[PDB]
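Asker: FYI, the numbering for the sequence shown is 24 to 176, 191 to 559, going by full-length UniProt numbering. A virtual CB, placed ideally from N, CA and C, is assigned to each residue, including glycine.
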Amino acid sequence: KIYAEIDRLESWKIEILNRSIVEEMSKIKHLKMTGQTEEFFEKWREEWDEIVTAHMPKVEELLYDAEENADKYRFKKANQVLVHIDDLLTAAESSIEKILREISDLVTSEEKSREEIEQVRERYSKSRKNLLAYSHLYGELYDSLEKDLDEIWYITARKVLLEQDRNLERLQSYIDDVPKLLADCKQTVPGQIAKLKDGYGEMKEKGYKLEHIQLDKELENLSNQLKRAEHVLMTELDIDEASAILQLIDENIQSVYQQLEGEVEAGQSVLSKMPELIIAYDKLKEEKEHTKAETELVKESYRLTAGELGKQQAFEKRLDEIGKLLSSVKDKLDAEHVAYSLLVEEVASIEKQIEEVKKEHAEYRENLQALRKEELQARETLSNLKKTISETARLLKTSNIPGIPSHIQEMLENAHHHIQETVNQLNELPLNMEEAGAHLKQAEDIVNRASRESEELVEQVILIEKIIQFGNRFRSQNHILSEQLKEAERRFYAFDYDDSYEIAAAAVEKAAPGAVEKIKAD
């Protein structure tokens, strides 16, 4: 039922709003009028309102709801129709209102922009007034520009203005940058070409044919880039690409400069790598070390033996080799054609070649000097081994059973048979430390590993003696077992007495391995 009221509402609304806006066509915003674009809408506004004076009385006709007051089903079927119609009209109205609130906008706005546009064309006449470099295209541009501005004198005109903005932007985007642009194709293009060719002209005191291929070619690339830049600018193309080309060129140039400074470096490095050949004679003191190698005649004659007199001569071989590499390097260097830079890789090796050999001859200096000390610590070791052997030899008393019956005439017949070797050592004149060291590796762990076992045997004998010394003859089955130990020990067997005192631990307290072993450890 209330739908009827809503129907009145969206009728009063549309009618009053349309009355107002149609009333607001001649009595408002009437200022400005183009006799072309306006006469289009001066008909569109008519027919658009001619619609609503036909499509609203259709709604008036369709007020059958007044009669259809008996049903509620046929109601909405002839109601939503109408409401959607009203929506269809008022959606076609606000479209118009937006149309006009643009035409009145797209005039009054652009009417305030032509001021700035003319203001800019006043500052482009001036900026080309005083100019003759590159002022052939500028004339054409200014000309067409002012032709356009002369043409603008509605919406089409707005568009033309909006064109002229961008056009102006391009005009001073030109007039600003182009000054410096040509200014490099006159004093900064040959300004660098001259500096580089005269560069080579100077670098004719430090340059080779090896670089007569990858050197003079980059100028053949540059001399292209320049003409490419020119063909860019002088043709309708603009700062874009060309301003990049200048960068590319600059990169090329300074790359070349770096390449030159690197050979200045290679030239300067030699002056610190060929006074290293001054030390190449300071290490030619072979005949000063081979005189130090004439104290073989007085002592340590193993210098004259292998693995010692050798190696040094091999370092004389190495010194000959590097000595030849030097002459080859200088020979290659001192040519009628100038020197260059590929030499650096050929000397970095040589610095190492001396760095090593020097340390080698140093090592052999040390080796020679050490021998005089080697036959001292050796004398210490032997003079000690004698003491050890003595004391253990005397320790081999008191133990009523002759120790290691098999290993007695074995590890003691190495006491005499590895001292007569030392007789041969410190009696030799000149002696040799190899003959000494050999009969010392054969002296180590053959004196000790014969004293350890012996001391363990003495310990064992004293122990067992003090064990049976607590032999308890008062027992009947322990005594007769104890007798089976004496008869076993007085032979020549080291296990015969092992299970011996194990019996003496299986009839005596748990502290049997501590009964005697403690008293002994006192």
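Quick one: which unbroken beta strand (DSSP E) runs of 3-plus residues sit fully inside the region 513 to 545? Chain order, please.
Answerer: none
Asker: Candidates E539, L297, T342: which alpha carbon is nearest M470's?
Answerer: Along the sequence shown, one-based indexing puts residue 470 at 433. Nearest option by C-alpha distance: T342.
Asker: Does the beta-carbon of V375 have 16 or more other beta-carbons within 10 angstroms, so that it is buried, or is it exposed?
Answerer: Start at 1 with the first residue of the sequence shown, and residue 375 comes out as number 338. Under this definition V375 is an exposed residue.
Asker: To which residues of the same chain is residue 10 closer than 6 Å at the C-beta, ignoring the five residues directly before and after it?
Answerer: Any property of residue 10 remains undetermined from this structure, which presents the chain solely from 24 to 559.
Asker: Quick one: what does DSSP say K310 is sitting in, helix, strand or coil?
Answerer: To locate residue 310, count along the sequence shown from 1; it is residue 273. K310 falls in the coil class under three-state DSSP.
Asker: Does the pairing of the region 106 to 113 with the region 73 to 82 give three or more beta-carbon distances under 8 Å?
Answerer: Short answer: they touch.
Asker: Have a look at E324 and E373 and give me their C-alpha separation to the nearest angstrom.
Answerer: Taking the sequence shown and counting its residues from 1, one reaches residue 324 at position 287. Taking the sequence shown and counting its residues from 1, one reaches residue 373 at position 336. The straight-line gap from Cα to Cα measures roughly 37 Å.
Asker: Residue range of the alpha helix (DSSP H) that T459 falls in?
Answerer: Residue 459 sits at position 422 when you count from the first residue of the sequence shown. Element bounds for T459: 457 to 463.
Asker: Alpha carbon to alpha carbon, how far is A399 from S491? Give it in angstroms, no decimals.
Answerer: Along the sequence shown, one-based indexing puts residue 491 at 454. Along the sequence shown, one-based indexing puts residue 399 at 362. Answer to the nearest angstrom: the Cα atoms are 47 Å apart.
Asker: Given a cut-off of 9 Å on the beta-carbon distance, is the pair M240 and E300 in contact?
Answerer: Within the sequence shown, residue 240 is the residue found at index 203, counting from 1. Within the sequence shown, residue 300 is the residue found at index 263, counting from 1. Against a cut-off of 9 Å, the Cβ pair of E300 and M240 comes out as a contact.
Asker: Could you give the first and the last residue of the continuous alpha helix (DSSP H) run that contains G228?
Answerer: The residue labelled residue 228 in the question sits at position 191 within the sequence shown. Taken as a continuous stretch (DSSP letters only), the alpha helix (DSSP H) holding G228 covers 227 to 239.
Asker: Can you tell me the Cα-Cα spacing of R97 and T193, whole angstroms?
Answerer: Residue numbering aside, residue 97 sits at position 74 when the sequence shown is read from its first letter. Residue numbering aside, residue 193 sits at position 156 when the sequence shown is read from its first letter. Approximately 52 Å, taken between the alpha carbons.
Asker: On the three-state DSSP scale, how would you describe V335?
Answerer: Here residue 335 corresponds to residue number 298 of the sequence shown, with the count starting at 1. Note: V335 maps to coil in three-state DSSP.
Asker: Could you check how far apart the C-beta atoms of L112 and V75 are, in whole angstroms? I think they sit under 8 Å.
Answerer: The sequence position of residue 112 within the sequence shown is 89, counting from 1. The sequence position of residue 75 within the sequence shown is 52, counting from 1. About 6 Å; that satisfies the 8 Å criterion.
Asker: Can you check whether the CB of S519 is closer than 9 Å to the CB of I501?
Answerer: In the sequence shown, residue 501 corresponds to position 464, counting from 1. In the sequence shown, residue 519 corresponds to position 482, counting from 1. Not closer than 9 Å, so no.
Asker: Below 8 Å, how does it come out for the region 481 to 489 and the region 344 to 359: are there three or more Cβ pairs, yes or no?
Answerer: no
Asker: Rounded to the nearest angstrom, what separates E125 and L54 at their Cα positions?
Answerer: Within the sequence shown, the letter at position 102 stands for residue 125. Within the sequence shown, the letter at position 31 stands for residue 54. Cα to Cα, the separation comes out at about 14 Å.
Asker: Could you tell me the distance, in whole angstroms, from the CA atom of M56 to the CA atom of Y191?
Answerer: Numbered from 1 along the sequence shown, position 33 holds the residue referred to as residue 56. Numbered from 1 along the sequence shown, position 154 holds the residue referred to as residue 191. Each residue's alpha carbon lies about 8 Å from the other.
Asker: Quick check on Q414: buried or exposed, where buried means 16 or more other Cβ atoms within 10 Å of its Cβ?
Answerer: Counting from 1 along the sequence shown, the entry for residue 414 is found at position 377. Exposed is the call here.
Asker: Determine the closest residue to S436 out of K36, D235, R527, with distance taken between C-alpha atoms.
Answerer: Position 399 of the sequence shown, counted from the first residue, corresponds to residue 436. The candidate whose alpha carbon is nearest that of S436 is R527.
Asker: For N404, does the count of other Cβ atoms within 10 angstroms reach 16, so buried, or fall short, so exposed?
Answerer: The count along the sequence shown starts at 1 and reaches residue 404 at position 367. The residue in question, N404, is exposed, as its Cβ has fewer than 16 Cβ neighbours within 10 Å.
Asker: Report the residue from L199, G474, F507 whose alpha carbon sits nearest the alpha carbon of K135.
Answerer: Residue mapping note: residue 135 aligns to position 112 of the sequence shown, counting from 1. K135 has its Cα closest to that of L199, out of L199, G474, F507.
Asker: Spatial neighbours of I438 within its chain, please: CB distance less than 7 Å, with the 5 preceding and 5 following residues excluded, ordered by chain position.
Answerer: To locate residue 438, count along the sequence shown from 1; it is residue 401. The residues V498, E526, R527, in chain order, have a CB closer than 7 Å to that of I438 in the same chain once the five nearest residues on each side in sequence are set aside.
Asker: Quick check: the Cα distance between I456 and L334, rounded to an integer number of angstroms?
Answerer: Within the sequence shown, the letter at position 419 stands for residue 456. Within the sequence shown, the letter at position 297 stands for residue 334. So the alpha carbons of these two residues sit roughly 25 Å apart.
Asker: Give the DSSP-derived three-state secondary structure of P439 in the structure shown.
Answerer: Here residue 439 refers to the residue found at position 402 of the sequence shown. In the structure shown, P439 sits in coil (DSSP, three-state: anything other than H, G, I, E or B).
Asker: For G236 versus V197, is the C-beta spacing smaller than 9 Å?
Answerer: Here residue 236 corresponds to residue number 199 of the sequence shown, with the count starting at 1. Here residue 197 corresponds to residue number 160 of the sequence shown, with the count starting at 1. Contact flag unset, no.
Asker: Leaving out the 5 sequence neighbours to the left and right, which residues in its chain are closer than 6 Å to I119 when beta-carbon positions are compared?
Answerer: Position 96 of the sequence shown holds residue 119. Excluding residues within five positions, the ones whose Cβ falls inside 6 Å are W71.
Asker: If you drop the 5 nearest sequence neighbours on each side, which residues of the same chain put their C-beta closer than 6 Å to that of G304?
Answerer: Here residue 304 refers to the residue found at position 267 of the sequence shown. So the list reads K243, once near-sequence residues are dropped.
Asker: Can you list, in chain order, the residues of its chain with a C-beta nearer than 7 Å to that of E174? Leave out the 5 residues immediately preceding and following it.
Answerer: What you label residue 174 is simply residue 151 of the sequence shown in a count that begins at 1. Excluding sequence neighbours, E174 sits near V197.
Asker: Quick one: grab the DSSP three-state call for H398.
Answerer: Mapped onto the sequence shown, residue 398 falls at position 361. Three-state result, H398: helix.
Asker: Tell me which residue opens and which closes the alpha helix (DSSP H) that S364 is part of.
Answerer: By one-based count along the sequence shown, residue 364 stands at place 327. Its alpha helix (DSSP H) spans residues 349 to 370.
Asker: Please classify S167 as buried or exposed, where buried requires at least 16 neighbouring CB atoms within 10 angstroms.
Answerer: Mapped onto the sequence shown, residue 167 falls at position 144. Looking at its Cβ environment, which holds fewer than 16 other Cβ atoms inside 10 Å, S167 is exposed.
Asker: How should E411 be labelled, buried or exposed, when 16 other C-beta atoms within 10 angstroms of its C-beta is the threshold for buried?
Answerer: For the purposes of this step, residue 411 is identified with residue 374 of the sequence shown, where counting begins at 1. Its Cβ having fewer than 16 others within 10 Å, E411 is exposed.
Asker: Determine whether the Cβ of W67 lies closer than 9 Å to any Cβ atom of chain B.
Answerer: Note that chain B does not occur in the displayed structure, where there is just one protein chain.
Asker: Would DSSP call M470 helix, strand or coil?
Answerer: Counted from its first residue, the sequence shown places residue 470 at position 433. It is helical.
Asker: Touch check for the region 210 to 222 and the region 145 to 158: three-plus C-beta pairs under 8 Å?
Answerer: yes
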